[PDB]
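Line order of the protein sequences matches chains B, A and b. Sequential numbering of the first sequence, starting at 1, is according to the entry's author numbering. Sequential numbering of the second sequence, starting at 1, is according to the entry's author numbering. Sequential numbering of the third sequence, starting at 258, is according to the entry's author numbering. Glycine included, every Cβ here is placed at the ideal spot set by N, Cα and C. This report concerns only the one structure given below.
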Amino acid sequence: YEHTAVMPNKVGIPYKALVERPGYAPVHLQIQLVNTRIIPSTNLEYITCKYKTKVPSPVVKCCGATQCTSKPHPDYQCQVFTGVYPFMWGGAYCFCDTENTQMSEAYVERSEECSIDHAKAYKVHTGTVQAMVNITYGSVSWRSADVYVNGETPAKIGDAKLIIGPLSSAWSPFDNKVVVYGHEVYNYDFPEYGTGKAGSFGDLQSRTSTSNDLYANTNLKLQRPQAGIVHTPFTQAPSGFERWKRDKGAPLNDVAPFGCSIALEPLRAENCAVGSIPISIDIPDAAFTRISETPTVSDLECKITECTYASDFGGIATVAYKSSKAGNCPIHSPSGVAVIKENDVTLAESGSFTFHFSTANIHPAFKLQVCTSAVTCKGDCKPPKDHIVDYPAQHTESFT
Amino acid sequence: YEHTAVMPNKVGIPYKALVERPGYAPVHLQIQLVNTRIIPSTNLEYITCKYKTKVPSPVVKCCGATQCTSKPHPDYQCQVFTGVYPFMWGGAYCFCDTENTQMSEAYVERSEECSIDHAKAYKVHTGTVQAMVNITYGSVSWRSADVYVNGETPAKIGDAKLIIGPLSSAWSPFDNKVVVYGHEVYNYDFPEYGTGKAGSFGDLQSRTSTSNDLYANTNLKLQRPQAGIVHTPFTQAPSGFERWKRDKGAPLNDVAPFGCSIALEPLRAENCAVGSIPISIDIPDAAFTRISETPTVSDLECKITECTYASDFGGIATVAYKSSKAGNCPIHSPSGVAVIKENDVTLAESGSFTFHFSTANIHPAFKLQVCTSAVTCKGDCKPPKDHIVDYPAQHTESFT
Amino acid sequence: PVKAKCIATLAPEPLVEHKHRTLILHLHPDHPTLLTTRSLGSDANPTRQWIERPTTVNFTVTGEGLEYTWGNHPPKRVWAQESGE
């Protein structure tokens, strides 16, 4: 009875399949893939952020030169300068007039915002998708368990053992190269660590926040201070993190395909509705009811009464139930034409009980399996009027 | 003068190319790819290790049953048992004879060796390869810098800016799925977390060492203790970590292709000699010597004297140097036929100085560029006798 | 610099208007609001436009769904199956 089932990847709607175990009473499913969070394999390549030209205070030798050296600070720009007369609080102070030397030095450093407000590149591989699958199973009526997709993983949470996927729809909405910012995720071809052109994205490129080493192509060019005054002309491109916040591109949670949402959290891409998942469950046999205890319902009749050719469960149909015992009777349309809101219907001794459903074909000729009794609920449906609210329960469009 | 150069991926041998900048004196390279450590993108999927059936001490109710419950311990096997008479230090102690009940319980737990002696699975992607490239450049004579392969990364360590790769030889010797053990790395199709058949590899499957949760398919089956004595029959497969240490497969540092070594370190695969790397350098123009300062060497003559048709630099050739000034003269064979040990030769006023080399064609017709003066060092070579020591400097085999 | 949650923005609610597989949206913000969507087909066909001037816009919604982001107001979602009878 290990109920294999191909199953559409779509998040917010149950998939009430039916266990046709030969010998005992069938049992309905209710498989709602409440989430499709993905979490691909990734690598933190480098944080970037806007620089801060945290200038070390220049040297001023008063009569003669002060040769600079290339200190190992990131992008340590330093250039000796002569021909000053530095006004500092008493007019000038160095008594020479051309031998007055000024050595400006400036290096690039991570902002304090780099720790917290920072873009973040990644080389993104495929990884392994997940889900908090609820099944309000059978008469168990509950399990809300986190699972995987790889087609040999069980998750014995509740009582049922369930194996999912691998899904066929391998579209990772993440590209190979991704930039990430706070919550807005950008599938951007970041240039690389160690290379980013100044002004362009990644002018600062630190491996992480702690990493004292980095790559700072900022085109930081010191110029001589003017007219014998102490200061430090640092001529520099404002960061490619400054832009990339107001001349950027749009976020993947606003431009992705096939229906995904995003988080700066394990780097999942939630709820990506695409393709199918070959899902298979091993039910606990204890949860089964033996066949000789559920009422046999045959010699019945089914008919629509007001079929709504729609998404919401507007389709209805009375069923002239013709039972033997009285009790519950799980139901399902093995044809995917009709999706039913009721998993189970209570029965007195051969009464009648309408259920709700939804279809996509004008003439819904769908079988209905009322606990081992098939029936065609043939009829005709009506279009609605009022179509602006969230996503459907029908999801069965085909040739009609 | 940004000297692009395709370049064979091979670790332990320099690649003494020649900078043909039009206008100033050429300069030799010496590019020795001292390492090719790889570090693909990976994911710790689950540690495994051998179990320890750390039995909790069974209950013994003396007259009547003790129903067990399925505690959430990993693989919590528990089975009530009756019909005992448990000899414990005073003969038996429970005064009944069949109502004597014994509840055995045993769960699986990580060994203490799991922390330290443990296999380790991975889903392995491609990542990005590295190298501690020495260049004893020109007259600079030194830089030993760690670099990348991605074809826009510089590494301004020393004075030269150098861009490497991307290499064309994308054979990651790691497979997609890999198991890792201490130092021996196995490109093994580990089954998965959450699934591993008992006895088979990964009977215990813990995400990490800290992870209290795991998957323990050990087929742990308790049996009733014998003849009214206190103990706990635990019938269990010894681990698939016990085997996998003496019925395993061989390590990738002993079965890989195309010449790699391995470490349990950043998961590199060192020194993988395969294919070529399109390498390009921006030399410091200060390091150049202008053309009007090196001796012009033309009106010379070259000839082999004892060419050794071999790997070690056995090939030699005097050169009737015909200089103008006296000094140094960088040398190289732009043809890859001949690989030369000397980058540079000193020159008096038109003397003669032999160099060493190695070739692969019986009639080595290779040009020699003695600081802007070409010459064919045509001749004939002799096979050696003594071929059992490490790897060559020739690496130029072609049609001969 | 710390990760405070600023007391923060919110744009006035939209006026949802139905049409056949189409959202007319008479819209009227307080300030320039970046609206954007994601037609959830594998054809994404997204849209972006800062809206400061009140504007009746349109969105060809498909069968499977669209989502709708009126500023930092949370993202909406919409079933547009048929309405052409």
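- Annotated three-state conformation of residue 254 of chain B is helix, per DSSP.
- Using a 10 angstroms sphere on the CB of residue 263 of chain b, the tally of other CB atoms stays under 16, which defines it as exposed.
- Under DSSP, residue 174 of chain B forms no beta bridge with any residue.
- Measuring C-alpha to C-alpha distances from residue 260 of chain B to each of B:250, B:195, B:271 identifies B:271 as the nearest.
- As the crow flies, the alpha-carbon of residue 273 of chain B is around 6 Å from that of residue 11 of chain B.
- Note on residue 357 of chain B: 16 or more other CB atoms within 10 angstroms of its CB, so buried under the neighbour-count rule.
- Collapsing the DSSP output to three states places residue 200 of chain A in coil.
- Taking the Cα positions, residue 226 of chain A is about 16 Å away from residue 99 of chain A.
- Within chain b, no C-beta atom comes nearer than 9 Å to that of residue 109 of chain B; the closest sits roughly 15 Å away.
- Residues of the stretch 133 to 162 of chain B whose Cβ lies closer than 8 Å to any Cβ of chain A, in chain order: 148, 150, 152, 153, 154, 155.
- Within chain b, no C-beta atom comes less than 9 Å from the C-beta of residue 28 of chain B; the nearest is roughly 24 Å away.
- Looking at the DSSP output, residue 330 of chain B bridges to B:344.
- Not a single C-beta of chain b is nearer than 8 Å to the C-beta of residue 215 of chain B.
- Sorting A:390, A:72, A:107 by C-alpha distance to the C-alpha of residue 218 of chain A places A:107 at the top.
- Residue contact check for residue 195 of chain B against chain A: a CB pair falls below 8 Å.
- Excluding the 5 residues flanking it on each side, residue 360 of chain A has same chain C-beta neighbours closer than 8 Å at 309, 337, 394, 396, 397, 398, 400, in chain order.
- Boundaries of the beta strand (DSSP E) around residue 119 of chain B: 119 to 123.
- If one requires a minimum length of 3 residues, the beta strand (DSSP E) runs lying completely within the stretch 37 to 103 of chain B are 44 to 48, 59 to 61, 77 to 82, in chain order.
- Across the set b:325, b:260, b:329, the C-alpha of b:325 shows the shortest separation from the C-alpha of residue 281 of chain b.
- Per DSSP, residue 12 of chain A lies in no beta strand (DSSP E) segment and is marked neither H nor E.
- The distance from the Cβ of residue 157 of chain B to that of residue 280 of chain B is about 16 Å, inconsistent with a contact at the 8 Å cut-off.
- Taking a C-beta distance under 8 Å as the contact criterion, residue 178 of chain A and residue 122 of chain A qualify as a contact pair.
- Residue contact with chain b for residue 38 of chain B: absent (no Cβ-Cβ distance below 8 Å to any residue of chain b).
- The beta carbon of residue 283 of chain b does not come within 8 Å of any beta carbon belonging to chain B, so the residue lies off that interface.
- For the stretch 47 to 81 of chain B, the beta-carbon criterion of a distance under 7 Å to any beta-carbon of chain b is satisfied by none of its residues.
- The stretch 257 to 311 of chain A contains, as complete beta strand (DSSP E) runs of 3+ residues, the segments 276 to 282, 301 to 308 (chain order).
- Residue pairing by DSSP places residue 184 of chain A opposite A:181 in a beta bridge.
- Note that the C-beta distance between residue 29 of chain A and residue 135 of chain A is below 8 Å.
- At least one CB atom of chain b sits nearer than 8 Å to the CB of residue 259 of chain B.
- If you ignore the 5 residues before and after residue 3 of chain B, its C-beta comes within less than 6 Å of the C-beta of 19, 281, all in its own chain and listed in chain order.
- Contact note: residue 343 of chain B does not reach chain A at a C-beta cutoff of 8 Å; the least C-beta distance is about 27 Å.
- Rounded to whole angstroms, residue 38 of chain A and residue 269 of chain A show a C-alpha spacing of 5 Å.
- Excluding the 5 residues flanking it on each side, residue 198 of chain A has same chain C-beta neighbours closer than 6 Å at 217, 218, 219, 237, in chain order.
- Sequence-distant partners of residue 313 of chain B (beyond 5 residues in either direction) whose C-beta falls short of 8 Å from its own C-beta, in its chain, are 339, 340, 341, 356, 357, 358, 393.
- Within chain B, no residue has its beta carbon less than 7 Å from that of residue 310 of chain b; the closest one is some 20 Å off.
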